[PDB]
$ cat structure.cif   # mmCIF, N, CA and C atoms and all ligand atoms
data_data
#
loop_
_atom_site.label_atom_id
_atom_site.label_comp_id
_atom_site.auth_asym_id
_atom_site.auth_seq_id
_atom_site.Cartn_x
_atom_site.Cartn_y
_atom_site.Cartn_z
N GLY A 1 -31.89 7.22 55.24
CA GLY A 1 -32.55 5.94 55.03
C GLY A 1 -32.54 5.07 56.27
N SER A 2 -31.75 4.01 56.24
CA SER A 2 -31.65 3.09 57.36
C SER A 2 -31.41 3.84 58.67
N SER A 3 -32.17 3.49 59.70
CA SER A 3 -32.04 4.14 61.00
C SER A 3 -31.90 3.10 62.11
N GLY A 4 -31.44 3.56 63.28
CA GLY A 4 -31.27 2.66 64.40
C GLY A 4 -31.98 3.15 65.65
N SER A 5 -31.38 2.88 66.81
CA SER A 5 -31.96 3.30 68.08
C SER A 5 -30.90 3.35 69.17
N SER A 6 -31.28 3.87 70.33
CA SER A 6 -30.36 3.98 71.46
C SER A 6 -29.50 2.73 71.58
N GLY A 7 -28.18 2.92 71.64
CA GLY A 7 -27.27 1.80 71.76
C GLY A 7 -25.83 2.19 71.49
N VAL A 8 -24.92 1.23 71.59
CA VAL A 8 -23.51 1.48 71.36
C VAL A 8 -23.22 1.67 69.88
N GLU A 9 -21.94 1.82 69.54
CA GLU A 9 -21.53 2.02 68.16
C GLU A 9 -20.10 1.53 67.94
N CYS A 10 -19.87 0.89 66.80
CA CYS A 10 -18.54 0.37 66.47
C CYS A 10 -17.65 1.48 65.91
N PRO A 11 -16.56 1.77 66.63
CA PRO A 11 -15.60 2.80 66.23
C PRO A 11 -14.80 2.41 64.99
N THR A 12 -15.21 1.31 64.36
CA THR A 12 -14.53 0.83 63.16
C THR A 12 -15.43 0.93 61.94
N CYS A 13 -16.57 0.25 61.99
CA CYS A 13 -17.52 0.27 60.89
C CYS A 13 -18.67 1.24 61.16
N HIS A 14 -18.77 1.68 62.41
CA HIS A 14 -19.82 2.61 62.81
C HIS A 14 -21.18 1.93 62.79
N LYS A 15 -21.24 0.71 63.32
CA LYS A 15 -22.48 -0.05 63.37
C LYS A 15 -23.03 -0.13 64.79
N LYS A 16 -24.13 0.57 65.03
CA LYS A 16 -24.75 0.58 66.35
C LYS A 16 -25.46 -0.75 66.63
N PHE A 17 -25.56 -1.10 67.91
CA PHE A 17 -26.22 -2.34 68.31
C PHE A 17 -27.18 -2.10 69.46
N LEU A 18 -27.86 -3.16 69.89
CA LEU A 18 -28.81 -3.06 70.99
C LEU A 18 -28.10 -3.08 72.34
N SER A 19 -27.03 -3.86 72.43
CA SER A 19 -26.25 -3.97 73.66
C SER A 19 -24.77 -4.13 73.35
N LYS A 20 -23.93 -3.54 74.20
CA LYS A 20 -22.48 -3.61 74.03
C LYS A 20 -22.04 -5.05 73.77
N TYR A 21 -22.56 -5.98 74.57
CA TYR A 21 -22.22 -7.39 74.43
C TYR A 21 -22.04 -7.76 72.96
N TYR A 22 -23.10 -7.58 72.18
CA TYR A 22 -23.07 -7.90 70.76
C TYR A 22 -21.99 -7.10 70.04
N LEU A 23 -21.93 -5.80 70.33
CA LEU A 23 -20.94 -4.92 69.72
C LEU A 23 -19.53 -5.49 69.89
N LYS A 24 -19.19 -5.85 71.12
CA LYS A 24 -17.87 -6.41 71.42
C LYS A 24 -17.60 -7.64 70.56
N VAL A 25 -18.38 -8.69 70.77
CA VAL A 25 -18.23 -9.92 70.01
C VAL A 25 -18.15 -9.64 68.51
N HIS A 26 -18.83 -8.59 68.08
CA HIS A 26 -18.84 -8.22 66.67
C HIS A 26 -17.48 -7.67 66.24
N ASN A 27 -16.90 -6.82 67.08
CA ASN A 27 -15.60 -6.23 66.80
C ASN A 27 -14.52 -7.30 66.72
N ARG A 28 -14.77 -8.43 67.37
CA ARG A 28 -13.81 -9.53 67.37
C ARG A 28 -13.12 -9.65 66.02
N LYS A 29 -13.89 -9.52 64.95
CA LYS A 29 -13.35 -9.61 63.60
C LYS A 29 -12.38 -8.47 63.32
N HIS A 30 -12.89 -7.24 63.38
CA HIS A 30 -12.06 -6.06 63.13
C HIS A 30 -10.64 -6.27 63.64
N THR A 31 -10.51 -6.53 64.93
CA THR A 31 -9.20 -6.75 65.54
C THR A 31 -8.55 -8.02 64.99
N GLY A 32 -7.23 -7.97 64.82
CA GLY A 32 -6.52 -9.13 64.31
C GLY A 32 -6.13 -8.97 62.85
N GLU A 33 -4.87 -8.63 62.61
CA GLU A 33 -4.37 -8.44 61.25
C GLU A 33 -4.86 -9.57 60.34
N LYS A 34 -5.13 -9.23 59.08
CA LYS A 34 -5.60 -10.21 58.11
C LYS A 34 -4.89 -10.04 56.78
N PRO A 35 -4.70 -11.15 56.05
CA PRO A 35 -4.04 -11.15 54.75
C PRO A 35 -4.87 -10.46 53.67
N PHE A 36 -6.13 -10.88 53.55
CA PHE A 36 -7.03 -10.30 52.56
C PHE A 36 -8.40 -10.04 53.16
N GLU A 37 -9.22 -9.27 52.44
CA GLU A 37 -10.56 -8.94 52.91
C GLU A 37 -11.41 -8.39 51.77
N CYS A 38 -12.62 -8.94 51.62
CA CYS A 38 -13.53 -8.51 50.57
C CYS A 38 -13.58 -6.98 50.48
N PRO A 39 -13.05 -6.44 49.37
CA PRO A 39 -13.02 -4.99 49.14
C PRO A 39 -14.41 -4.42 48.88
N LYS A 40 -15.41 -5.29 48.86
CA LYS A 40 -16.79 -4.87 48.63
C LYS A 40 -17.53 -4.68 49.95
N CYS A 41 -17.38 -5.64 50.85
CA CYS A 41 -18.03 -5.57 52.15
C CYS A 41 -17.01 -5.38 53.27
N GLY A 42 -15.93 -6.16 53.21
CA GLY A 42 -14.89 -6.06 54.22
C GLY A 42 -14.78 -7.31 55.07
N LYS A 43 -14.96 -8.47 54.44
CA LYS A 43 -14.88 -9.74 55.14
C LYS A 43 -13.49 -10.35 55.00
N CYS A 44 -12.76 -10.41 56.11
CA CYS A 44 -11.42 -10.97 56.11
C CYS A 44 -11.45 -12.47 55.81
N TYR A 45 -10.57 -12.91 54.91
CA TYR A 45 -10.51 -14.31 54.53
C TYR A 45 -9.06 -14.80 54.49
N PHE A 46 -8.65 -15.50 55.54
CA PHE A 46 -7.29 -16.02 55.63
C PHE A 46 -6.80 -16.49 54.26
N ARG A 47 -7.58 -17.35 53.63
CA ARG A 47 -7.22 -17.88 52.32
C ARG A 47 -7.85 -17.04 51.20
N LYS A 48 -7.04 -16.70 50.20
CA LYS A 48 -7.51 -15.90 49.08
C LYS A 48 -8.67 -16.59 48.37
N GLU A 49 -8.47 -17.85 48.01
CA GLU A 49 -9.51 -18.62 47.32
C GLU A 49 -10.88 -18.38 47.96
N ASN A 50 -10.95 -18.52 49.27
CA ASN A 50 -12.19 -18.32 50.00
C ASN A 50 -12.76 -16.93 49.73
N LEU A 51 -11.89 -15.92 49.79
CA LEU A 51 -12.31 -14.54 49.55
C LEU A 51 -13.00 -14.41 48.20
N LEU A 52 -12.33 -14.86 47.15
CA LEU A 52 -12.89 -14.79 45.80
C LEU A 52 -14.29 -15.40 45.76
N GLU A 53 -14.39 -16.65 46.19
CA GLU A 53 -15.68 -17.35 46.20
C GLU A 53 -16.76 -16.48 46.83
N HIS A 54 -16.62 -16.23 48.13
CA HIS A 54 -17.59 -15.41 48.85
C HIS A 54 -18.14 -14.30 47.96
N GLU A 55 -17.25 -13.42 47.51
CA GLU A 55 -17.65 -12.31 46.65
C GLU A 55 -18.79 -12.72 45.72
N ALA A 56 -18.67 -13.91 45.14
CA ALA A 56 -19.69 -14.42 44.23
C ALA A 56 -20.80 -15.12 45.00
N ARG A 57 -20.42 -15.99 45.93
CA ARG A 57 -21.39 -16.73 46.73
C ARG A 57 -22.37 -15.78 47.40
N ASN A 58 -21.85 -14.89 48.24
CA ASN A 58 -22.68 -13.93 48.96
C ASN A 58 -21.84 -12.77 49.49
N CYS A 59 -22.45 -11.59 49.56
CA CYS A 59 -21.76 -10.41 50.05
C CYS A 59 -22.71 -9.50 50.83
N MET A 60 -22.17 -8.45 51.43
CA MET A 60 -22.97 -7.51 52.20
C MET A 60 -24.35 -7.34 51.58
N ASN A 61 -25.39 -7.47 52.40
CA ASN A 61 -26.76 -7.34 51.94
C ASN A 61 -27.74 -7.35 53.11
N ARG A 62 -28.44 -6.24 53.29
CA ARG A 62 -29.41 -6.11 54.37
C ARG A 62 -30.10 -7.45 54.65
N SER A 63 -29.68 -8.11 55.72
CA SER A 63 -30.25 -9.40 56.09
C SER A 63 -29.92 -9.74 57.54
N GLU A 64 -30.72 -10.63 58.13
CA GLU A 64 -30.51 -11.04 59.52
C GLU A 64 -29.09 -11.55 59.72
N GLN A 65 -28.53 -11.28 60.90
CA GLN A 65 -27.18 -11.71 61.22
C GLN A 65 -27.01 -13.21 60.99
N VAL A 66 -26.28 -13.56 59.94
CA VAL A 66 -26.05 -14.96 59.61
C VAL A 66 -24.56 -15.31 59.72
N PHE A 67 -24.25 -16.59 59.58
CA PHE A 67 -22.87 -17.06 59.66
C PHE A 67 -22.46 -17.76 58.36
N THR A 68 -21.17 -17.68 58.04
CA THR A 68 -20.65 -18.31 56.83
C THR A 68 -19.62 -19.39 57.17
N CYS A 69 -19.79 -20.56 56.57
CA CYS A 69 -18.88 -21.67 56.80
C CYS A 69 -17.45 -21.29 56.45
N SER A 70 -16.52 -22.21 56.68
CA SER A 70 -15.11 -21.97 56.40
C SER A 70 -14.59 -22.96 55.36
N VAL A 71 -15.47 -23.84 54.90
CA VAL A 71 -15.10 -24.84 53.90
C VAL A 71 -15.95 -24.71 52.65
N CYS A 72 -17.26 -24.59 52.84
CA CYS A 72 -18.19 -24.46 51.72
C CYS A 72 -18.84 -23.08 51.72
N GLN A 73 -18.52 -22.28 52.73
CA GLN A 73 -19.08 -20.93 52.84
C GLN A 73 -20.60 -20.98 52.92
N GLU A 74 -21.13 -21.98 53.63
CA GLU A 74 -22.57 -22.13 53.78
C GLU A 74 -23.18 -20.93 54.50
N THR A 75 -24.46 -21.02 54.81
CA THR A 75 -25.16 -19.94 55.49
C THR A 75 -25.96 -20.47 56.68
N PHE A 76 -25.76 -19.86 57.84
CA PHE A 76 -26.46 -20.27 59.06
C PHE A 76 -26.92 -19.06 59.85
N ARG A 77 -28.24 -18.92 59.99
CA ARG A 77 -28.81 -17.80 60.73
C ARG A 77 -28.41 -17.85 62.20
N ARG A 78 -27.87 -18.99 62.62
CA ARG A 78 -27.45 -19.17 64.00
C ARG A 78 -25.97 -19.56 64.07
N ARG A 79 -25.37 -19.37 65.24
CA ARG A 79 -23.96 -19.70 65.44
C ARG A 79 -23.79 -21.19 65.70
N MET A 80 -24.55 -21.71 66.66
CA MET A 80 -24.47 -23.13 67.01
C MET A 80 -24.61 -24.00 65.76
N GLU A 81 -25.60 -23.69 64.93
CA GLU A 81 -25.84 -24.45 63.71
C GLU A 81 -24.53 -24.72 62.97
N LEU A 82 -23.80 -23.65 62.67
CA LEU A 82 -22.53 -23.77 61.97
C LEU A 82 -21.63 -24.80 62.64
N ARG A 83 -21.57 -24.76 63.96
CA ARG A 83 -20.74 -25.69 64.72
C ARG A 83 -21.16 -27.13 64.44
N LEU A 84 -22.47 -27.37 64.41
CA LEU A 84 -23.00 -28.70 64.15
C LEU A 84 -22.86 -29.07 62.68
N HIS A 85 -22.56 -28.08 61.85
CA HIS A 85 -22.39 -28.30 60.42
C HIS A 85 -20.94 -28.61 60.08
N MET A 86 -20.02 -27.88 60.71
CA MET A 86 -18.60 -28.08 60.48
C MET A 86 -18.22 -29.55 60.63
N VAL A 87 -18.87 -30.23 61.57
CA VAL A 87 -18.61 -31.64 61.81
C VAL A 87 -18.66 -32.44 60.51
N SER A 88 -19.58 -32.06 59.63
CA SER A 88 -19.74 -32.75 58.35
C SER A 88 -18.45 -32.67 57.53
N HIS A 89 -17.70 -31.59 57.71
CA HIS A 89 -16.45 -31.39 56.99
C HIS A 89 -15.33 -32.22 57.61
N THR A 90 -15.34 -32.32 58.94
CA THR A 90 -14.33 -33.08 59.66
C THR A 90 -14.90 -34.39 60.19
N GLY A 91 -15.90 -34.92 59.50
CA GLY A 91 -16.52 -36.17 59.92
C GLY A 91 -17.43 -35.99 61.11
N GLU A 92 -16.84 -35.69 62.27
CA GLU A 92 -17.61 -35.49 63.49
C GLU A 92 -16.91 -34.52 64.43
N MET A 93 -17.62 -34.10 65.47
CA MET A 93 -17.06 -33.16 66.45
C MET A 93 -15.70 -33.64 66.94
N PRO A 94 -14.86 -32.69 67.38
CA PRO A 94 -13.51 -32.99 67.88
C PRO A 94 -13.55 -33.72 69.22
N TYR A 95 -14.56 -33.43 70.02
CA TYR A 95 -14.71 -34.06 71.33
C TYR A 95 -16.00 -34.86 71.41
N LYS A 96 -15.97 -35.94 72.19
CA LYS A 96 -17.14 -36.80 72.35
C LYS A 96 -17.18 -37.39 73.75
N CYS A 97 -18.38 -37.76 74.20
CA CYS A 97 -18.56 -38.35 75.52
C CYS A 97 -18.35 -39.86 75.48
N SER A 98 -18.56 -40.51 76.62
CA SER A 98 -18.40 -41.96 76.71
C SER A 98 -19.67 -42.62 77.23
N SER A 99 -20.28 -42.02 78.24
CA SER A 99 -21.50 -42.55 78.83
C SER A 99 -22.68 -42.39 77.87
N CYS A 100 -22.83 -41.19 77.32
CA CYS A 100 -23.91 -40.91 76.38
C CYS A 100 -23.39 -40.86 74.95
N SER A 101 -22.09 -40.61 74.81
CA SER A 101 -21.47 -40.53 73.49
C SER A 101 -21.83 -39.22 72.80
N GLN A 102 -22.03 -38.18 73.60
CA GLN A 102 -22.38 -36.86 73.07
C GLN A 102 -21.25 -36.31 72.21
N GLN A 103 -21.41 -35.06 71.76
CA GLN A 103 -20.40 -34.41 70.94
C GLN A 103 -20.21 -32.96 71.35
N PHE A 104 -18.97 -32.49 71.28
CA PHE A 104 -18.64 -31.12 71.66
C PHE A 104 -17.51 -30.57 70.80
N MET A 105 -17.36 -29.25 70.79
CA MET A 105 -16.31 -28.61 70.02
C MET A 105 -15.11 -28.26 70.90
N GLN A 106 -15.37 -28.08 72.19
CA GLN A 106 -14.31 -27.75 73.14
C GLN A 106 -14.15 -28.85 74.18
N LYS A 107 -12.95 -28.96 74.73
CA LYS A 107 -12.66 -29.97 75.75
C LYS A 107 -13.40 -29.66 77.05
N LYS A 108 -13.28 -28.42 77.51
CA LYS A 108 -13.94 -28.00 78.74
C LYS A 108 -15.45 -28.22 78.65
N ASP A 109 -16.01 -27.96 77.48
CA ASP A 109 -17.44 -28.13 77.26
C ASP A 109 -17.87 -29.57 77.58
N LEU A 110 -17.00 -30.52 77.26
CA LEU A 110 -17.29 -31.93 77.50
C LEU A 110 -17.11 -32.27 78.98
N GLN A 111 -15.94 -31.94 79.52
CA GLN A 111 -15.64 -32.22 80.92
C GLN A 111 -16.77 -31.73 81.82
N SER A 112 -17.18 -30.48 81.63
CA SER A 112 -18.25 -29.90 82.43
C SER A 112 -19.56 -30.66 82.23
N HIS A 113 -19.82 -31.04 80.98
CA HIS A 113 -21.04 -31.78 80.66
C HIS A 113 -21.10 -33.10 81.42
N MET A 114 -19.94 -33.72 81.61
CA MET A 114 -19.85 -34.98 82.33
C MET A 114 -19.78 -34.76 83.83
N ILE A 115 -19.48 -33.52 84.23
CA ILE A 115 -19.39 -33.18 85.64
C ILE A 115 -20.71 -32.64 86.17
N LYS A 116 -21.62 -32.32 85.25
CA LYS A 116 -22.93 -31.80 85.62
C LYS A 116 -24.03 -32.78 85.24
N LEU A 117 -24.10 -33.12 83.96
CA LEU A 117 -25.11 -34.05 83.47
C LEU A 117 -24.87 -35.45 84.02
N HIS A 118 -23.62 -35.90 83.97
CA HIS A 118 -23.26 -37.22 84.47
C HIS A 118 -22.87 -37.16 85.94
N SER A 119 -22.36 -36.00 86.36
CA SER A 119 -21.94 -35.82 87.75
C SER A 119 -22.66 -34.63 88.38
N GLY A 120 -23.97 -34.54 88.14
CA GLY A 120 -24.75 -33.45 88.69
C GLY A 120 -25.12 -33.68 90.14
N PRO A 121 -25.71 -32.65 90.78
CA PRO A 121 -26.12 -32.72 92.18
C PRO A 121 -27.30 -33.65 92.39
N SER A 122 -27.81 -34.21 91.30
CA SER A 122 -28.95 -35.12 91.37
C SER A 122 -28.52 -36.56 91.09
N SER A 123 -29.35 -37.51 91.51
CA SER A 123 -29.05 -38.92 91.31
C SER A 123 -29.88 -39.50 90.17
N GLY A 124 -29.99 -38.74 89.09
CA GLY A 124 -30.76 -39.19 87.94
C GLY A 124 -29.93 -39.28 86.68
ZN ZN B 201 -17.68 -3.05 63.39
ZN ZN B 202 -18.10 -9.40 50.39
ZN ZN B 203 -19.63 -26.20 55.27
ZN ZN B 204 -22.31 -37.40 78.29
#
$ encode --input "structure.cif" --output "structure tokens"
Amino acid sequence: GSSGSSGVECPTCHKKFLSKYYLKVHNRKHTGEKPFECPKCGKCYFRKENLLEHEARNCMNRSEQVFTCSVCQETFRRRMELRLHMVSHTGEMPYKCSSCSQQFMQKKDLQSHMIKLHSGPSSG
């Protein structure tokens, strides 16, 4: 049935990809001991409660690579989206700017933003 094409393969789930890059980032999950994991698909869930929900909320199903929240188990076809969504759970992003008052998830992400956008090689 389902077929793929020239590319790498996951020595864990046996899932081929277009480029190693994706394969690696994908394996990120596999690695790292976990307490529980959906016995239907294989989604590790630190908290049991979360695991149970998911099973009902959503499970393995031929569909575009999406992301699942960690509080409401939402659905995001993109990674960044989830990041901009999590803020709703914690009010707002963990990091913020001062000149523009931007928002970021990482400290370095902000510092660099102020060192390039605010402190770029241009005078604009
Ligand atoms: Zn895999
Ligand atoms: Zn599942
Ligand atoms: Zn959420
Ligand atoms: Zn800024």
$ residues_near_ligand --input "structure.cif" --ligand "ligand ZN 204 (chain B)" --cutoff "8 Å" --atoms "all atoms listed in the file" --output "list in words"
residues 96, 97, 98, 99, 100, 101, 102, 103, 110, 113, 114, 115, 117 and 118 of chain A
$ atom_distance --input "structure.cif" --atom1 "atom N of residue 29 in chain A" --atom2 "atom N of residue 44 in chain A"
9.0 Å
$ residues_near_ligand --input "structure.cif" --ligand "ligand ZN 203 (chain B)" --cutoff "7 Å" --atoms "only C-alpha atoms and all ligand atoms" --output "tab-separated table (two decimals) with N, CA and C atoms, keeping the file's coordinate frame"
chain	number	residue	atom	x	y	z
A	69	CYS	N	-19.79	-20.56	56.57
A	69	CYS	CA	-18.88	-21.67	56.80
A	69	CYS	C	-17.45	-21.29	56.45
A	70	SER	N	-16.52	-22.21	56.68
A	70	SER	CA	-15.11	-21.97	56.40
A	70	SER	C	-14.59	-22.96	55.36
A	71	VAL	N	-15.47	-23.84	54.90
A	71	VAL	CA	-15.10	-24.84	53.90
A	71	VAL	C	-15.95	-24.71	52.65
A	72	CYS	N	-17.26	-24.59	52.84
A	72	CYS	CA	-18.19	-24.46	51.72
A	72	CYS	C	-18.84	-23.08	51.72
A	73	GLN	N	-18.52	-22.28	52.73
A	73	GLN	CA	-19.08	-20.93	52.84
A	73	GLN	C	-20.60	-20.98	52.92
A	74	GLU	N	-21.13	-21.98	53.63
A	74	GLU	CA	-22.57	-22.13	53.78
A	74	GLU	C	-23.18	-20.93	54.50
A	85	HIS	N	-22.56	-28.08	61.85
A	85	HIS	CA	-22.39	-28.30	60.42
A	85	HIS	C	-20.94	-28.61	60.08
A	86	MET	N	-20.02	-27.88	60.71
A	86	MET	CA	-18.60	-28.08	60.48
A	86	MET	C	-18.22	-29.55	60.63
A	89	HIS	N	-17.70	-31.59	57.71
A	89	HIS	CA	-16.45	-31.39	56.99
A	89	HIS	C	-15.33	-32.22	57.61
$ closest_residue --input "structure.cif" --among "A:11, A:42, A:32, A:4" --to "ligand ZN 202 (chain B)" --atoms "only N, CA and C atoms and all ligand atoms"
A:42
$ closest_atom_pairs --input "structure.cif" --of "chain A" --to "ligand ZN 201 (chain B)" --cutoff "8 Å" --atoms "only N, CA and C atoms and all ligand atoms" --output "Markdown table"
| residue | atom | partner | partner_atom | distance |
| --- | --- | --- | --- | --- |
| A:9 | C | B:ZN201 | ZN | 6.9 |
| A:10 | CA | B:ZN201 | ZN | 4.7 |
| A:11 | N | B:ZN201 | ZN | 5.9 |
| A:12 | C | B:ZN201 | ZN | 4.8 |
| A:13 | N | B:ZN201 | ZN | 3.8 |
| A:14 | N | B:ZN201 | ZN | 5.0 |
| A:15 | N | B:ZN201 | ZN | 5.2 |
| A:16 | N | B:ZN201 | ZN | 7.6 |
| A:23 | C | B:ZN201 | ZN | 7.2 |
| A:26 | C | B:ZN201 | ZN | 5.4 |
| A:27 | CA | B:ZN201 | ZN | 5.1 |
| A:28 | N | B:ZN201 | ZN | 7.3 |
| A:29 | C | B:ZN201 | ZN | 7.6 |
| A:30 | N | B:ZN201 | ZN | 6.4 |
$ closest_residue --input "structure.cif" --among "A:77, A:47, A:34, A:40" --to "ligand ZN 202 (chain B)" --atoms "only C-alpha atoms and all ligand atoms"
A:40
$ closest_residue --input "structure.cif" --among "A:124, A:7, A:39, A:94" --to "ligand ZN 202 (chain B)" --atoms "all atoms listed in the file"
A:39
$ closest_atom_pairs --input "structure.cif" --of "chain A" --to "ligand ZN 202 (chain B)" --cutoff "10 Å" --atoms "only C-alpha atoms and all ligand atoms" --output "CSV"
residue,atom,partner,partner_atom,distance
A:37,CA,B:ZN202,ZN,8.0
A:38,CA,B:ZN202,ZN,4.7
A:39,CA,B:ZN202,ZN,6.8
A:40,CA,B:ZN202,ZN,5.0
A:41,CA,B:ZN202,ZN,4.2
A:42,CA,B:ZN202,ZN,6.0
A:43,CA,B:ZN202,ZN,5.7
A:44,CA,B:ZN202,ZN,8.9
A:45,CA,B:ZN202,ZN,9.9
A:51,CA,B:ZN202,ZN,7.8
A:52,CA,B:ZN202,ZN,8.8
A:53,CA,B:ZN202,ZN,9.3
A:54,CA,B:ZN202,ZN,6.2
A:55,CA,B:ZN202,ZN,4.8
A:56,CA,B:ZN202,ZN,8.1
A:57,CA,B:ZN202,ZN,8.8
A:58,CA,B:ZN202,ZN,6.6
A:59,CA,B:ZN202,ZN,3.8
A:60,CA,B:ZN202,ZN,5.5
A:61,CA,B:ZN202,ZN,9.0
$ atom_distance --input "structure.cif" --atom1 "atom C of residue 91 in chain A" --atom2 "atom C of residue 33 in chain A"
29.3 Å
$ atom_distance --input "structure.cif" --atom1 "CA of residue 93 in chain A" --atom2 "atom C of residue 105 in chain A"
6.9 Å
$ residues_around --input "structure.cif" --residues "residue 76 in chain A" --least-positions-apart "2" --cutoff "5 Å" --atoms "all atoms listed in the file" --output "PyMOL selection string"
chain A and resi 66-67+74+78
$ closest_residue --input "structure.cif" --among "A:104, A:62, A:8, A:36" --to "residue 87 in chain A" --atoms "only C-alpha atoms"
A:104
$ decode --input "structure.cif" --residues "range 99-115 of chain A" --atoms "N, CA and C atoms" --output "PDB file, in the first residue's frame"
ATOM      1  N   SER A  99      12.154  48.025  23.139  1.00  0.00           N
ATOM      2  CA  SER A  99      12.010  49.055  22.116  1.00  0.00           C
ATOM      3  C   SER A  99      10.730  48.848  21.313  1.00  0.00           C
ATOM      4  N   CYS A 100      10.517  47.617  20.859  1.00  0.00           N
ATOM      5  CA  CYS A 100       9.333  47.285  20.077  1.00  0.00           C
ATOM      6  C   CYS A 100       8.319  46.519  20.922  1.00  0.00           C
ATOM      7  N   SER A 101       8.801  45.898  21.994  1.00  0.00           N
ATOM      8  CA  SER A 101       7.938  45.129  22.883  1.00  0.00           C
ATOM      9  C   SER A 101       7.551  43.798  22.247  1.00  0.00           C
ATOM     10  N   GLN A 102       8.443  43.263  21.420  1.00  0.00           N
ATOM     11  CA  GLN A 102       8.195  41.994  20.745  1.00  0.00           C
ATOM     12  C   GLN A 102       8.074  40.856  21.754  1.00  0.00           C
ATOM     13  N   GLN A 103       7.959  39.633  21.248  1.00  0.00           N
ATOM     14  CA  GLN A 103       7.835  38.461  22.106  1.00  0.00           C
ATOM     15  C   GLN A 103       8.675  37.305  21.572  1.00  0.00           C
ATOM     16  N   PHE A 104       9.258  36.533  22.484  1.00  0.00           N
ATOM     17  CA  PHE A 104      10.089  35.396  22.105  1.00  0.00           C
ATOM     18  C   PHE A 104       9.966  34.268  23.125  1.00  0.00           C
ATOM     19  N   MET A 105      10.383  33.071  22.728  1.00  0.00           N
ATOM     20  CA  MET A 105      10.321  31.910  23.609  1.00  0.00           C
ATOM     21  C   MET A 105      11.676  31.644  24.255  1.00  0.00           C
ATOM     22  N   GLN A 106      12.741  32.074  23.585  1.00  0.00           N
ATOM     23  CA  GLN A 106      14.094  31.880  24.094  1.00  0.00           C
ATOM     24  C   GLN A 106      14.768  33.220  24.371  1.00  0.00           C
ATOM     25  N   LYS A 107      15.715  33.219  25.302  1.00  0.00           N
ATOM     26  CA  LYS A 107      16.438  34.433  25.661  1.00  0.00           C
ATOM     27  C   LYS A 107      17.342  34.886  24.518  1.00  0.00           C
ATOM     28  N   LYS A 108      18.133  33.959  23.992  1.00  0.00           N
ATOM     29  CA  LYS A 108      19.042  34.260  22.893  1.00  0.00           C
ATOM     30  C   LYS A 108      18.281  34.824  21.697  1.00  0.00           C
ATOM     31  N   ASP A 109      17.099  34.275  21.442  1.00  0.00           N
ATOM     32  CA  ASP A 109      16.270  34.725  20.329  1.00  0.00           C
ATOM     33  C   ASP A 109      15.976  36.218  20.440  1.00  0.00           C
ATOM     34  N   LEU A 110      15.795  36.690  21.669  1.00  0.00           N
ATOM     35  CA  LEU A 110      15.504  38.099  21.911  1.00  0.00           C
ATOM     36  C   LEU A 110      16.766  38.945  21.780  1.00  0.00           C
ATOM     37  N   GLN A 111      17.809  38.562  22.509  1.00  0.00           N
ATOM     38  CA  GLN A 111      19.075  39.285  22.472  1.00  0.00           C
ATOM     39  C   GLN A 111      19.518  39.531  21.033  1.00  0.00           C
ATOM     40  N   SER A 112      19.530  38.470  20.233  1.00  0.00           N
ATOM     41  CA  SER A 112      19.938  38.569  18.838  1.00  0.00           C
ATOM     42  C   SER A 112      19.013  39.506  18.066  1.00  0.00           C
ATOM     43  N   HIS A 113      17.717  39.409  18.346  1.00  0.00           N
ATOM     44  CA  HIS A 113      16.726  40.246  17.679  1.00  0.00           C
ATOM     45  C   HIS A 113      17.003  41.724  17.938  1.00  0.00           C
ATOM     46  N   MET A 114      17.489  42.030  19.136  1.00  0.00           N
ATOM     47  CA  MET A 114      17.796  43.407  19.507  1.00  0.00           C
ATOM     48  C   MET A 114      19.195  43.796  19.041  1.00  0.00           C
ATOM     49  N   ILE A 115      19.998  42.795  18.694  1.00  0.00           N
ATOM     50  CA  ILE A 115      21.360  43.035  18.231  1.00  0.00           C
ATOM     51  C   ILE A 115      21.413  43.131  16.710  1.00  0.00           C
TER      52      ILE A 115
END
